[PDB]
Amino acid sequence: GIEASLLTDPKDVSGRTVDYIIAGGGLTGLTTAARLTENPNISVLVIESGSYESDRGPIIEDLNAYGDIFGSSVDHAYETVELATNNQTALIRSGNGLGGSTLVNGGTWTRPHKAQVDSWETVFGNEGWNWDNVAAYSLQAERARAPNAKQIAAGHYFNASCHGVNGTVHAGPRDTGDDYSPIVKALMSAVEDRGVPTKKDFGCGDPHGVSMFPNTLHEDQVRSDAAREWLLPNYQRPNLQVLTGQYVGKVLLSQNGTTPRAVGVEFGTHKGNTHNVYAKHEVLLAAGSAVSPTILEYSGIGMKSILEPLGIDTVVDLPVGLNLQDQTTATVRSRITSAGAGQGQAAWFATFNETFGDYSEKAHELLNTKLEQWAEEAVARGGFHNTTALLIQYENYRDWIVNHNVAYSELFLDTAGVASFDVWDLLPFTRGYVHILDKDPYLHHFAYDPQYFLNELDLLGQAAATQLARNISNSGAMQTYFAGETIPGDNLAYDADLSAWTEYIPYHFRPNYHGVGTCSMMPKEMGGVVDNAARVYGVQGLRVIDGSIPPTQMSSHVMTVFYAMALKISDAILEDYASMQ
């Protein structure tokens, strides 16, 4: 079936011209591929490092098997630099295959706070990037299924208004066929008790309180990976071509005009085993935020100071790779009594004051008075290059927290036999970078530094959120199911205070694999790399369409907006295509 249509032979595409070349077959790349080829005169070639894996078996198809694939070849596992917070290397899990990280994520489907997306337009000057517009496309990509009696009974709430049911991404309640755990509702009572909302539909634009949510899976529980949703139904499209197992090394730029123009791409597996394919219209980079920026740097698009020592000629000087925003994750795990047995996941989207509790006052002084200092510090560390532009982003976050009271922490609960909390501070103030460390793209020698916890609010923010998760595990209704803390367990005193948690955390956290921002959609003056249409500044025919582009973090799981985002850019591209005649 699909597997026979994928090209695995580099020579099947070398020297050919297609209208669009999409570097990366992941969530954004396949969504775009399928959108463009809807127009039969538009020929697309997707070049993906991995191959087809959606039908491989449960390791891919069962969301309940989440994490088993880490380390296999469907895991790019990029390692960070030796992190300064703990002097360790972290591994960035990243799907390698058709569907990219949709092949390995947990499938959570939720949406951000509308003030957040709105800020893309008002603060970042991205005309058209507002909630109304973005939520519109999001509903357009969605094929939500309403929860049944048992699912509602368990704690599910679905506002129909907030969901599309004619889309492409099959989404619905995960259901292992087993009974749901009483613990979901027990968590809802514990938060209700402290005045936190519950059962608010997270796809509505106000992700707050504790709610259950849909997952990208068909009713049959099979993963709605991007390849299964947009490629599988469409692989027979003669204008859709996908080369597997090859690496896009860099964009070919013709420089005999007023502006360099992206002409095609170079791909291969090794220095000396490369091939060139060309594009009539444009090169769309969709290799993920850890790699689209390096593709640009290998190409002469990036800062002269990085490019120059590597022997690369800088064609366009832009702050490629700066502004990386990823989250830190910490676990709190507690054993439960047999009474709490069953399946179920829920998340508390806690606001600033709910995260910090008694420290809200303190936490607030910081937000209010450290903005500039923090901005100079992150700039000094290479996370960004312009303090003022950085400041504006901080002021934007102060605004969302202070005036829109968006969710600052995410406490994700996993039951299925334990009460396991994965907690992450959703709005990091730290800025990291990603820069190539060599001129050969196939050496894959790059420095990825998310600078986790180099900003004090982030550390405290993560310490408070995790401490919160220990607190609710054993509060109110939760208490009846609690049967002893497993992790940290003996590694951290139960009665640990915020500082103790602060000290513990840099050594017991993992990246959240939600890195965005390395090719930021913001005006060039503000440190942006791409315009409101995802076009790289100063180059013709080059777009960056993936997680590299959101200029901010979001209080949600990103798939909903990333599919919305790929759809909106595809429209943009369609318009430019009909113009390019």
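Residue positions are given as counts along the sequence shown, with the first one as 1. Here the rigid core means the biggest group of C-alpha atoms that line up within 1.5 Å when the two forms are laid on top of each other.
Asks: Would you mind working out which of 251-259 and 149-157 sits farther from this form in 4 other deposited structures of this protein by RMS C-alpha distance, with the rigid core as the fit?
Replies: Higher root mean square deviation of C-alphas in 4 other deposited structures of this protein is shown by 251-259.
Asks: Pick between 457-465 and 385-393: the one whose mean CA B-factor in the entry is higher.
Replies: Here the higher of the two C-alpha B-factor means belongs to 385-393.
Asks: With respect to the recorded C-alpha B factors, which stretch has the higher mean value, 23-31 or 519-527?
Replies: Averaging CA B-factors over each stretch, the winner is 519-527.
Asks: Name the residue from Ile436, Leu443, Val379, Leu498 with the greatest C-alpha temperature factor listed in the entry.
Replies: If I rank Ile436, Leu443, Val379, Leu498 by C-alpha B-factor, first place goes to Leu498.
Asks: With respect to the C-alpha temperature factors reported in the PDB entry, which of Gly302, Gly99, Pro197, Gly177 ranks highest?
Replies: It is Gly177.
Asks: Based on the entry's values, in what third of the chain does the Cα temperature factor of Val13 lie: lowest, middle or highest?
Replies: Tercile = highest for this residue's CA B-factor.
Asks: When the deposited Cα B-factors of this chain's modelled residues are ordered and cut into thirds, is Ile47 in the lowest, the middle or the highest one?
Replies: Its C-alpha B-factor belongs to the middle third of this chain's values.
Asks: If you rank the chain by CA B-factor, which third does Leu240 end up in: lowest, middle or highest?
Replies: Its C-alpha B-factor, which the entry lists for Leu240, ranks in the highest third among residues of this chain.
Asks: Looking at the temperature factor on the CA atom of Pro40, which third of the chain's modelled residues does it land in?
Replies: Its C-alpha B-factor, which the entry lists for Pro40, ranks in the highest third among residues of this chain.
Asks: Lowest, middle or highest third of the chain for the C-alpha temperature factor of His275?
Replies: As the PDB entry reports it, the C-alpha B-factor of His275 lands in the highest third of its chain.
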